[PDB]
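Next up, run_36.pdb (PDB, C-alpha atoms):
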ATOM      1  CA  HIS A   1      50.563  75.385 239.103
ATOM      2  CA  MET A   2      52.223  72.439 240.883
ATOM      3  CA  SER A   3      54.543  73.899 243.514
ATOM      4  CA  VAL A   4      57.692  72.079 244.685
ATOM      5  CA  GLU A   5      58.892  72.978 248.186
ATOM      6  CA  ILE A   6      62.668  73.184 248.823
ATOM      7  CA  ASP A   7      64.380  73.763 252.197
ATOM      8  CA  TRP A   8      65.316  77.425 252.549
ATOM      9  CA  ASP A   9      67.714  77.283 255.513
ATOM     10  CA  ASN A  10      70.102  74.863 253.783
ATOM     11  CA  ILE A  11      70.210  77.253 250.784
ATOM     12  CA  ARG A  12      70.506  80.285 253.062
ATOM     13  CA  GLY A  13      73.191  78.336 254.891
ATOM     14  CA  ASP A  14      75.232  77.544 251.787
ATOM     15  CA  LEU A  15      78.917  78.268 252.310
ATOM     16  CA  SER A  16      79.288  78.127 248.513
ATOM     17  CA  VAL A  17      76.635  80.758 247.784
ATOM     18  CA  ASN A  18      77.477  83.271 250.575
ATOM     19  CA  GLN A  19      81.184  83.276 249.834
ATOM     20  CA  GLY A  20      80.388  84.040 246.222
ATOM     21  CA  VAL A  21      78.018  86.954 246.330
ATOM     22  CA  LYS A  22      80.364  88.533 248.931
ATOM     23  CA  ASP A  23      83.182  87.973 246.443
ATOM     24  CA  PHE A  24      80.958  89.091 243.553
ATOM     25  CA  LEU A  25      80.039  92.254 245.456
ATOM     26  CA  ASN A  26      83.547  93.106 246.635
ATOM     27  CA  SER A  27      84.816  92.325 243.118
ATOM     28  CA  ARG A  28      82.483  94.666 241.208
ATOM     29  CA  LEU A  29      82.407  97.088 244.128
ATOM     30  CA  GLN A  30      86.109  97.832 243.655
ATOM     31  CA  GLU A  31      85.274  99.004 240.087
ATOM     32  CA  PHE A  32      83.670 102.358 241.065
ATOM     33  CA  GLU A  33      84.720 105.965 241.513
ATOM     34  CA  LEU A  34      83.769 106.669 245.119
ATOM     35  CA  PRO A  35      84.056 110.125 246.578
ATOM     36  CA  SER A  36      87.262 111.602 247.969
ATOM     37  CA  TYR A  37      85.997 110.962 251.496
ATOM     38  CA  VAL A  38      85.377 107.186 251.402
ATOM     39  CA  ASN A  39      87.963 104.415 251.579
ATOM     40  CA  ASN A  40      88.364 100.695 252.153
ATOM     41  CA  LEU A  41      84.697 100.085 251.368
ATOM     42  CA  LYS A  42      84.434  96.278 251.712
ATOM     43  CA  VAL A  43      81.591  93.762 252.001
ATOM     44  CA  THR A  44      81.964  92.091 255.380
ATOM     45  CA  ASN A  45      78.857  89.877 255.284
ATOM     46  CA  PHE A  46      76.070  88.652 253.068
ATOM     47  CA  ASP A  47      72.952  86.958 254.336
ATOM     48  CA  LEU A  48      70.072  85.674 252.204
ATOM     49  CA  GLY A  49      67.012  86.145 254.372
ATOM     50  CA  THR A  50      65.260  83.876 256.820
ATOM     51  CA  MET A  51      62.422  84.583 254.391
ATOM     52  CA  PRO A  52      62.265  82.416 251.293
ATOM     53  CA  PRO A  53      61.202  84.119 248.055
ATOM     54  CA  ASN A  54      58.335  82.744 246.010
ATOM     55  CA  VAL A  55      59.555  81.533 242.617
ATOM     56  CA  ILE A  56      57.551  80.784 239.493
ATOM     57  CA  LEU A  57      59.243  78.687 236.857
ATOM     58  CA  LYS A  58      58.241  80.390 233.577
ATOM     59  CA  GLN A  59      60.643  78.499 231.281
ATOM     60  CA  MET A  60      63.306  75.859 230.938
ATOM     61  CA  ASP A  61      65.829  76.316 228.144
ATOM     62  CA  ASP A  62      69.352  75.390 227.214
ATOM     63  CA  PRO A  63      71.736  78.076 228.546
ATOM     64  CA  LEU A  64      71.909  81.022 226.091
ATOM     65  CA  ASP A  65      74.874  81.190 223.671
ATOM     66  CA  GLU A  66      76.174  84.149 225.564
ATOM     67  CA  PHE A  67      77.679  81.985 228.264
ATOM     68  CA  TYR A  68      80.571  81.678 225.830
ATOM     69  CA  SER A  69      83.856  80.915 227.626
ATOM     70  CA  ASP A  88      73.103  71.812 231.485
ATOM     71  CA  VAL A  89      70.046  73.974 232.291
ATOM     72  CA  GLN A  90      68.558  77.459 232.139
ATOM     73  CA  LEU A  91      65.474  78.564 234.033
ATOM     74  CA  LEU A  92      63.425  81.626 233.136
ATOM     75  CA  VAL A  93      61.865  82.467 236.402
ATOM     76  CA  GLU A  94      59.640  85.138 237.820
ATOM     77  CA  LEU A  95      61.115  86.020 241.206
ATOM     78  CA  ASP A  96      59.394  87.749 244.144
ATOM     79  CA  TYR A  97      61.694  88.640 247.056
ATOM     80  CA  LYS A  98      59.825  90.617 249.723
ATOM     81  CA  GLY A  99      62.110  89.412 252.525
ATOM     82  CA  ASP A 100      64.904  90.061 255.037
ATOM     83  CA  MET A 101      68.074  89.810 252.932
ATOM     84  CA  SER A 102      70.897  91.724 254.644
ATOM     85  CA  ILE A 103      74.242  92.999 253.360
ATOM     86  CA  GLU A 104      76.884  94.102 255.854
ATOM     87  CA  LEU A 105      79.663  96.553 255.135
ATOM     88  CA  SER A 106      82.536  98.656 256.357
ATOM     89  CA  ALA A 107      84.619 101.674 255.372
ATOM     90  CA  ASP A 108      86.856 104.498 256.610
ATOM     91  CA  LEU A 109      86.356 108.294 256.260
ATOM     92  CA  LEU A 121      86.707 107.291 261.008
ATOM     93  CA  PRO A 122      85.704 103.618 260.513
ATOM     94  CA  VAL A 123      82.035 102.605 260.159
ATOM     95  CA  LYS A 124      79.656  99.662 259.793
ATOM     96  CA  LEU A 125      76.764  99.728 257.324
ATOM     97  CA  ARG A 126      73.681  97.529 257.154
ATOM     98  CA  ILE A 127      71.688  97.124 253.933
ATOM     99  CA  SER A 128      68.313  95.583 254.649
ATOM    100  CA  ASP A 129      64.755  95.143 253.408
ATOM    101  CA  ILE A 130      65.889  94.468 249.862
ATOM    102  CA  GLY A 131      62.622  94.211 247.933
ATOM    103  CA  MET A 132      62.407  92.535 244.546
ATOM    104  CA  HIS A 133      59.857  91.367 241.988
ATOM    105  CA  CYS A 134      61.290  90.555 238.584
ATOM    106  CA  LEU A 135      61.912  88.205 235.671
ATOM    107  CA  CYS A 136      65.214  86.479 236.163
ATOM    108  CA  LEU A 137      67.302  84.013 234.150
ATOM    109  CA  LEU A 138      69.086  81.319 236.215
ATOM    110  CA  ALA A 139      71.590  79.300 234.155
ATOM    111  CA  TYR A 140      73.457  76.341 235.626
ATOM    112  CA  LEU A 141      76.257  74.671 233.650
ATOM    113  CA  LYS A 142      79.702  73.157 234.219
ATOM    114  CA  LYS A 143      78.970  73.443 237.952
ATOM    115  CA  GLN A 144      78.417  77.193 237.444
ATOM    116  CA  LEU A 145      75.347  79.267 238.122
ATOM    117  CA  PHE A 146      74.695  82.567 236.433
ATOM    118  CA  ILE A 147      71.986  84.882 237.741
ATOM    119  CA  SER A 148      70.830  87.505 235.319
ATOM    120  CA  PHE A 149      68.076  89.781 236.388
ATOM    121  CA  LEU A 150      66.131  90.614 233.243
ATOM    122  CA  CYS A 151      63.565  93.216 234.318
ATOM    123  CA  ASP A 152      60.998  94.253 236.867
ATOM    124  CA  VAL A 153      57.676  92.404 236.537
ATOM    125  CA  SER A 154      55.903  95.773 236.576
ATOM    126  CA  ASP A 155      58.111  97.305 233.872
ATOM    127  CA  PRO A 156      56.082  99.260 231.292
ATOM    128  CA  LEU A 157      58.354  98.014 228.454
ATOM    129  CA  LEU A 158      56.606  94.651 228.903
ATOM    130  CA  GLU A 159      53.355  96.479 227.964
ATOM    131  CA  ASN A 160      53.559  95.572 224.262
ATOM    132  CA  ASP A 161      56.474  93.112 224.118
ATOM    133  CA  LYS A 162      58.783  96.120 223.736
ATOM    134  CA  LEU A 163      61.411  94.112 225.566
ATOM    135  CA  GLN A 164      61.482  90.511 224.316
ATOM    136  CA  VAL A 165      62.200  88.570 227.511
ATOM    137  CA  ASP A 166      61.397  85.157 226.029
ATOM    138  CA  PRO A 167      64.975  83.961 225.298
ATOM    139  CA  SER A 168      63.420  82.091 222.323
ATOM    140  CA  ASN A 171      64.588  89.699 219.330
ATOM    141  CA  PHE A 172      65.378  88.864 223.002
ATOM    142  CA  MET A 173      66.358  91.773 225.289
ATOM    143  CA  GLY A 174      67.127  94.442 222.721
ATOM    144  CA  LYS A 175      68.585  97.927 223.050
ATOM    145  CA  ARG A 176      65.148  98.811 224.469
ATOM    146  CA  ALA A 177      66.607  97.222 227.628
ATOM    147  CA  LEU A 178      68.286 100.579 228.426
ATOM    148  CA  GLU A 179      64.993 102.207 229.486
ATOM    149  CA  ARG A 180      64.422  99.600 232.169
ATOM    150  CA  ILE A 181      63.077 100.668 235.592
ATOM    151  CA  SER A 182      65.230  99.460 238.465
ATOM    152  CA  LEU A 183      64.942  95.924 239.767
ATOM    153  CA  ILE A 184      65.394  96.758 243.479
ATOM    154  CA  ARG A 185      62.014  97.838 244.814
ATOM    155  CA  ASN A 186      62.807  98.438 248.479
ATOM    156  CA  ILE A 187      66.050  98.949 250.368
ATOM    157  CA  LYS A 188      67.011 100.275 253.789
ATOM    158  CA  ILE A 189      70.275 101.251 255.435
ATOM    159  CA  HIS A 190      71.686 101.942 258.911
ATOM    160  CA  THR A 191      75.172 103.048 259.949
ATOM    161  CA  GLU A 192      77.371 103.049 263.071
ATOM    162  CA  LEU A 193      80.874 104.004 264.191
ATOM    163  CA  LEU A 204      74.400 117.317 261.755
ATOM    164  CA  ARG A 205      73.121 114.115 260.059
ATOM    165  CA  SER A 206      75.370 114.210 257.003
ATOM    166  CA  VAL A 207      75.139 110.392 257.138
ATOM    167  CA  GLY A 208      71.990 111.074 255.075
ATOM    168  CA  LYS A 209      74.119 112.307 252.136
ATOM    169  CA  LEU A 210      76.213 109.116 252.612
ATOM    170  CA  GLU A 211      73.238 106.764 252.979
ATOM    171  CA  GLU A 212      71.687 108.183 249.753
ATOM    172  CA  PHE A 213      75.053 107.456 248.157
ATOM    173  CA  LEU A 214      75.449 103.762 249.065
ATOM    174  CA  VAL A 215      71.882 103.106 248.043
ATOM    175  CA  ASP A 216      72.483 104.984 244.775
ATOM    176  CA  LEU A 217      75.500 102.685 244.377
ATOM    177  CA  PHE A 218      74.296  99.202 245.232
ATOM    178  CA  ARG A 219      71.331 100.052 243.031
ATOM    179  CA  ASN A 220      73.687 101.175 240.227
ATOM    180  CA  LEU A 221      75.889  98.107 240.749
ATOM    181  CA  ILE A 222      73.289  95.363 240.363
ATOM    182  CA  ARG A 223      72.036  97.136 237.232
ATOM    183  CA  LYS A 224      75.611  97.388 235.935
ATOM    184  CA  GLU A 225      76.790  93.920 236.944
ATOM    185  CA  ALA A 226      74.022  91.446 237.841
ATOM    186  CA  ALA A 227      71.274  92.433 235.389
ATOM    187  CA  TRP A 228      71.406  91.234 231.776
ATOM    188  CA  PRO A 229      73.743  91.537 229.753
ATOM    189  CA  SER A 230      75.718  91.032 232.979
ATOM    190  CA  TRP A 231      75.111  88.406 235.685
ATOM    191  CA  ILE A 232      76.216  87.101 239.080
ATOM    192  CA  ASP A 233      78.510  84.104 238.517
ATOM    193  CA  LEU A 234      78.741  81.333 241.198
ATOM    194  CA  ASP A 235      80.061  77.731 241.582
TER     195      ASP A 235
END
The structure given in the file should be rewritten as structure tokens.
Amino acid sequence: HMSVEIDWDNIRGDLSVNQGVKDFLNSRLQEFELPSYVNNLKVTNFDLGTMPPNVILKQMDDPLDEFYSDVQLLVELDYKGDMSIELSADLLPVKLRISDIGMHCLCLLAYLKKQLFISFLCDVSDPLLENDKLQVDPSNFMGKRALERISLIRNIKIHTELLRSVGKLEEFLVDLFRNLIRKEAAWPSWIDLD
């Protein structure tokens, strides 16, 4: 494969992208039943890592019909890096730190009318790829079989700051972010950006 190297820090440092996934997060975040004991749970900061992911272009296509309202890249995507998501809530106000967000997955990127959609399709080590049981060639493509799809986030860490009932809370935010990006950023849904 011929690799093409692109500056990471100017992507990482994109005002347009950061304010966008923050918005995306906050937006979809507000669409969840949280427990009685949590309030004003807002995203305060996003940061794509200082570590660039390795990308493999698997396909170029015209953007799928389903951007009903330029270019589409089917892309294997390996993020074993230092992406960090910063947060805040009340209960007592706190500050949360989501880190070490692992990732290895097939992922549609579709740019058109100055928009960029990011749909995570599925994990590269999903067993439903075993016998083309999920059709991930967008030409059959991504059937109902999609429902049985192992989660796209591979690693994730979290720290908090102002016995250890924070555990119960830290299991919760993880089993929330996780459930969000399935619900809202993985196909049929996607992250929208300008």
Evaluated on this file, the PyMOL selection byres ((chain A and resi 108) around 9) picks out some residues - which ones are they, written as a PDB file with C-alpha atoms, in the coordinates of the input?
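Printed below is expr.pdb as written:
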ATOM      1  CA  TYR A  37      85.997 110.962 251.496  1.00  0.00           C
ATOM      2  CA  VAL A  38      85.377 107.186 251.402  1.00  0.00           C
ATOM      3  CA  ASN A  39      87.963 104.415 251.579  1.00  0.00           C
ATOM      4  CA  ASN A  40      88.364 100.695 252.153  1.00  0.00           C
ATOM      5  CA  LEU A  41      84.697 100.085 251.368  1.00  0.00           C
ATOM      6  CA  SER A 106      82.536  98.656 256.357  1.00  0.00           C
ATOM      7  CA  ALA A 107      84.619 101.674 255.372  1.00  0.00           C
ATOM      8  CA  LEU A 109      86.356 108.294 256.260  1.00  0.00           C
ATOM      9  CA  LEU A 121      86.707 107.291 261.008  1.00  0.00           C
ATOM     10  CA  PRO A 122      85.704 103.618 260.513  1.00  0.00           C
ATOM     11  CA  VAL A 123      82.035 102.605 260.159  1.00  0.00           C
TER      12      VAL A 123
END
Exercise. Hey, what comes out of the PyMOL selection byres ((chain A and resi 177-190) around 10) on this file? Could you write it as JSON, numbers by chain?
Worked result: {"A": [97, 98, 99, 101, 102, 103, 104, 124, 125, 126, 127, 128, 129, 130, 131, 132, 133, 134, 135, 149, 150, 151, 152, 153, 154, 155, 156, 157, 158, 162, 163, 164, 165, 172, 173, 174, 175, 176, 191, 192, 207, 208, 211, 212, 214, 215, 218, 219, 220, 222, 223, 227, 228, 229]}
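The interatomic distance for the pair CA of residue 140 (chain A) and CA of residue 63 (chain A) works out to 7.5 Å.
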Can you turn the PyMOL selection byres ((chain A and resi 43-55) around 9) into a concrete residue list for this file, as a CSV table (one decimal) with C-alpha atoms, in the coordinates of the input?
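Final output, saved to result_14.csv:
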chain,number,residue,atom,x,y,z
A,7,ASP,CA,64.4,73.8,252.2
A,8,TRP,CA,65.3,77.4,252.5
A,9,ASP,CA,67.7,77.3,255.5
A,11,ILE,CA,70.2,77.3,250.8
A,12,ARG,CA,70.5,80.3,253.1
A,13,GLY,CA,73.2,78.3,254.9
A,18,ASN,CA,77.5,83.3,250.6
A,19,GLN,CA,81.2,83.3,249.8
A,21,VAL,CA,78.0,87.0,246.3
A,22,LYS,CA,80.4,88.5,248.9
A,23,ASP,CA,83.2,88.0,246.4
A,25,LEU,CA,80.0,92.3,245.5
A,26,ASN,CA,83.5,93.1,246.6
A,29,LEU,CA,82.4,97.1,244.1
A,41,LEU,CA,84.7,100.1,251.4
A,42,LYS,CA,84.4,96.3,251.7
A,56,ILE,CA,57.6,80.8,239.5
A,57,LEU,CA,59.2,78.7,236.9
A,93,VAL,CA,61.9,82.5,236.4
A,94,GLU,CA,59.6,85.1,237.8
A,95,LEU,CA,61.1,86.0,241.2
A,96,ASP,CA,59.4,87.7,244.1
A,97,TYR,CA,61.7,88.6,247.1
A,98,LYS,CA,59.8,90.6,249.7
A,99,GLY,CA,62.1,89.4,252.5
A,100,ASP,CA,64.9,90.1,255.0
A,101,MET,CA,68.1,89.8,252.9
A,102,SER,CA,70.9,91.7,254.6
A,103,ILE,CA,74.2,93.0,253.4
A,104,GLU,CA,76.9,94.1,255.9
A,105,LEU,CA,79.7,96.6,255.1
A,106,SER,CA,82.5,98.7,256.4
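If you look at CA of residue 216 (chain A) and CA of residue 36 (chain A), they are 16.5 Å away from each other.
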Find the axis-aligned box for region 7-17 of chain A, covering all its listed atoms and adding 3 Å on each side, and write its centre and edge lengths in Å to one decimal as lines of an AutoDock Vina configuration file.
center_x = 71.8
center_y = 77.3
center_z = 251.6
size_x = 20.9
size_y = 13.0
size_z = 13.7
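For the pair CA of residue 90 (chain A) and CA of residue 16 (chain A), the interatomic distance is 19.6 Å.
The closest residue to residue 145 (chain A), picked from A:91, A:15, A:2, A:60 and counting all atoms listed in the file, is A:91.
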Could you give me, as a short mmCIF file (atom, residue, chain, number, x, y, z; two decimals) with C-alpha atoms, in the frame of the given file, the residues within 9 Å of region 65-89 of chain A, counting all atoms listed in the file and dropping anything in the same chain fewer than 4 positions from it?
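Saved result, part-v8.cif, follows:
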data_model
loop_
_atom_site.label_atom_id
_atom_site.label_comp_id
_atom_site.auth_asym_id
_atom_site.auth_seq_id
_atom_site.Cartn_x
_atom_site.Cartn_y
_atom_site.Cartn_z
CA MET A 60 63.31 75.86 230.94
CA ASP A 61 65.83 76.32 228.14
CA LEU A 138 69.09 81.32 236.22
CA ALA A 139 71.59 79.30 234.16
CA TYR A 140 73.46 76.34 235.63
CA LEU A 141 76.26 74.67 233.65
CA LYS A 142 79.70 73.16 234.22
CA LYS A 143 78.97 73.44 237.95
CA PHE A 146 74.69 82.57 236.43
CA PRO A 229 73.74 91.54 229.75
#
